[PDB]
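Shown below: protein.txt, with compact mmCIF, C-alpha atoms.
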# COMPACT_ATOMS: atom_id res chain seq x y z
CA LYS A 11 0.00 0.00 0.00
CA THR A 12 1.17 3.61 -0.71
CA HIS A 13 -0.08 4.64 2.80
CA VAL A 14 -0.12 2.85 6.18
CA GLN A 15 -2.24 3.71 9.25
CA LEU A 16 0.06 4.06 12.27
CA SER A 17 -0.42 5.13 15.91
CA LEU A 18 2.86 6.78 17.05
CA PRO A 19 3.80 7.07 20.74
CA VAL A 20 4.42 10.75 21.65
CA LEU A 21 7.56 10.98 23.86
CA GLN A 22 8.84 13.75 26.17
CA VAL A 23 12.23 14.95 24.76
CA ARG A 24 13.98 14.37 28.15
CA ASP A 25 12.88 10.69 28.22
CA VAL A 26 14.28 9.85 24.77
CA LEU A 27 17.22 7.44 25.07
CA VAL A 28 18.25 7.29 21.36
CA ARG A 29 18.07 10.87 20.12
CA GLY A 30 18.28 10.30 16.36
CA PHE A 31 18.37 7.71 13.58
CA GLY A 32 21.98 8.11 12.30
CA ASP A 33 24.57 10.28 10.67
CA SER A 34 23.41 11.25 7.13
CA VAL A 35 20.15 12.49 5.59
CA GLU A 36 19.77 9.25 3.58
CA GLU A 37 20.48 7.04 6.67
CA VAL A 38 18.01 8.85 8.95
CA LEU A 39 15.17 8.70 6.36
CA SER A 40 16.01 4.98 5.77
CA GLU A 41 16.07 4.12 9.52
CA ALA A 42 12.94 6.23 10.25
CA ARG A 43 11.03 4.27 7.56
CA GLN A 44 12.35 0.92 8.88
CA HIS A 45 11.36 1.81 12.53
CA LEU A 46 7.88 3.02 11.33
CA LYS A 47 7.34 -0.38 9.56
CA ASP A 48 8.64 -2.31 12.72
CA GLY A 49 6.48 -0.30 15.22
CA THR A 50 9.62 1.03 16.99
CA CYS A 51 9.28 4.77 16.08
CA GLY A 52 8.30 7.56 18.49
CA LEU A 53 7.28 11.18 17.92
CA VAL A 54 8.49 14.28 19.83
CA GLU A 55 6.35 17.41 19.53
CA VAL A 56 8.55 20.37 18.48
CA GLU A 57 8.61 23.35 20.89
CA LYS A 58 11.27 25.90 21.97
CA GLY A 59 14.32 23.97 23.25
CA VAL A 60 13.40 20.53 21.81
CA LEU A 61 15.54 20.26 18.63
CA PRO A 62 18.87 21.26 20.30
CA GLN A 63 18.29 18.29 22.71
CA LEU A 64 18.09 15.83 19.74
CA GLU A 65 20.75 14.74 17.23
CA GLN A 66 20.98 15.96 13.61
CA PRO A 67 20.13 14.99 10.96
CA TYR A 68 16.44 15.32 12.10
CA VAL A 69 13.49 13.42 10.53
CA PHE A 70 10.17 15.32 10.67
CA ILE A 71 6.65 14.13 9.91
CA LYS A 72 4.87 16.93 7.99
CA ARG A 73 1.16 17.13 6.99
CA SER A 74 0.96 16.13 3.25
CA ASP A 75 -2.74 17.10 2.71
CA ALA A 76 -5.95 18.56 4.37
CA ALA A 79 -7.56 13.04 7.58
CA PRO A 80 -8.94 9.54 6.76
CA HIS A 81 -10.35 7.54 9.76
CA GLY A 82 -8.86 10.18 12.20
CA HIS A 83 -5.33 9.62 10.67
CA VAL A 84 -3.57 12.83 9.40
CA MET A 85 -1.70 12.10 6.12
CA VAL A 86 2.02 12.75 6.64
CA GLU A 87 5.33 12.39 4.82
CA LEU A 88 8.98 12.41 5.93
CA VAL A 89 11.34 15.43 5.54
CA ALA A 90 14.96 15.32 6.89
CA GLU A 91 16.99 18.37 8.00
CA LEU A 92 20.80 18.83 8.33
CA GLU A 93 22.52 22.20 9.11
CA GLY A 94 19.36 24.14 8.20
CA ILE A 95 18.70 22.44 4.82
CA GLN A 96 15.56 20.26 4.35
CA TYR A 97 15.34 17.26 1.99
CA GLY A 98 11.74 17.11 0.92
CA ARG A 99 9.00 19.76 0.81
CA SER A 100 5.72 19.31 2.77
CA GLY A 101 3.24 20.95 5.19
CA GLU A 102 3.18 21.76 8.92
CA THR A 103 5.47 19.71 11.24
CA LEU A 104 3.56 17.23 13.52
CA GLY A 105 6.84 16.37 15.29
CA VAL A 106 10.34 14.93 15.06
CA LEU A 107 10.75 11.14 14.79
CA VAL A 108 13.10 9.18 17.11
CA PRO A 109 13.66 5.50 17.82
CA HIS A 110 11.30 4.10 20.46
CA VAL A 111 13.08 1.74 22.90
CA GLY A 112 10.28 1.42 25.55
CA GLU A 113 9.92 5.01 26.84
CA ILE A 114 6.42 5.67 28.29
CA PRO A 115 4.45 7.98 25.96
CA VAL A 116 2.22 10.95 26.97
CA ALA A 117 -0.19 10.40 24.04
CA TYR A 118 -0.56 8.69 20.64
CA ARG A 119 -0.63 10.49 17.25
CA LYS A 120 -2.68 8.64 14.55
CA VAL A 121 -1.09 9.21 11.09
CA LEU A 122 -1.49 7.88 7.54
CA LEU A 123 2.17 7.57 6.45
CA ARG A 124 3.00 8.01 2.76
CA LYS A 125 5.33 4.92 2.39
Turn the structure described in the file into structure tokens.
Amino acid sequence: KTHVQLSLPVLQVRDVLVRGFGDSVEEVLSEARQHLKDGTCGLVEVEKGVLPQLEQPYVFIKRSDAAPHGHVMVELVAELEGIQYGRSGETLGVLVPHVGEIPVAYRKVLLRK
């Protein structure tokens, strides 16, 4: 399928143990997509002070359209040293590995895969 319904655990930035997906834009997009397929991806909501506490390159989920079955349609955009790879809508959050941190909420998304 071109899209997959996922329910992503929303993590507090100070709880995150693994603060990024790797070392290059292509690696972090690759790993993000693998962890989304494996159910081992979390979401951190972006506010003042969050991104400097995580590791670049960043992987964002961004709204791809204006929400089937309560799932916002999203796609991935990476960022390294202020350059984004992809073009999309509003940021829903930054993706990180999930390694068993307790979430504060779940974010239902339809991921363009």
Using 9 Å as the limit and counting all atoms listed in the file, can you tabulate each residue of segment 31-107 of chain A that touches segment 117-124 of chain A, with its shortest atom-to-atom distance in Å and the two atoms involved, as a tab-separated table?
residue	atom	partner	partner_atom	distance
A:46	CA	A:123	CA	8.8
A:53	CA	A:119	CA	8.0
A:71	CA	A:123	CA	8.7
A:74	CA	A:124	CA	8.4
A:79	CA	A:122	CA	8.0
A:80	CA	A:122	CA	7.7
A:82	CA	A:120	CA	6.8
A:83	CA	A:121	CA	4.3
A:84	CA	A:121	CA	4.7
A:85	CA	A:122	CA	4.5
A:86	CA	A:123	CA	5.2
A:87	CA	A:124	CA	5.4
A:88	CA	A:124	CA	8.1
A:104	CA	A:119	CA	8.8
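You will find atom CA of residue 75 of chain A at 24.3 Å from atom CA of residue 21 of chain A.
Take atom CA of residue 69 of chain A and atom CA of residue 31 of chain A: the distance between them is 8.1 Å.
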Query raised in the report: Between atom CA of residue 42 of chain A and atom CA of residue 103 of chain A, what is the distance, to one decimal in Å?
Result: 15.4 Å
Report task. Please provide as JSON, numbers by chain all residues within 9 Å of residue 22 of chain A, with the sequence filter that same-chain residues fewer than 4 positions apart are discarded (counting all atoms listed in the file). Result -> {"A": [26, 53, 54, 55, 113, 114, 115, 116]}
What does the file look like for those residues with C-alpha atoms, as a short mmCIF file (atom, residue, chain, number, x, y, z; two decimals), in the coordinates of the input?
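Final output, saved to out25.cif:
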data_model
loop_
_atom_site.label_atom_id
_atom_site.label_comp_id
_atom_site.auth_asym_id
_atom_site.auth_seq_id
_atom_site.Cartn_x
_atom_site.Cartn_y
_atom_site.Cartn_z
CA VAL A 26 14.28 9.85 24.77
CA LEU A 53 7.28 11.18 17.92
CA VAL A 54 8.49 14.28 19.83
CA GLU A 55 6.35 17.41 19.53
CA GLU A 113 9.92 5.01 26.84
CA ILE A 114 6.42 5.67 28.29
CA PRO A 115 4.45 7.98 25.96
CA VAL A 116 2.22 10.95 26.97
#
Query raised in the report: So, counting only C-alpha atoms, which residue among A:17, A:34, A:100, A:44 is closest to residue 67 of chain A?
Result: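 Closest to residue 67 of chain A, using only C-alpha atoms: A:34.
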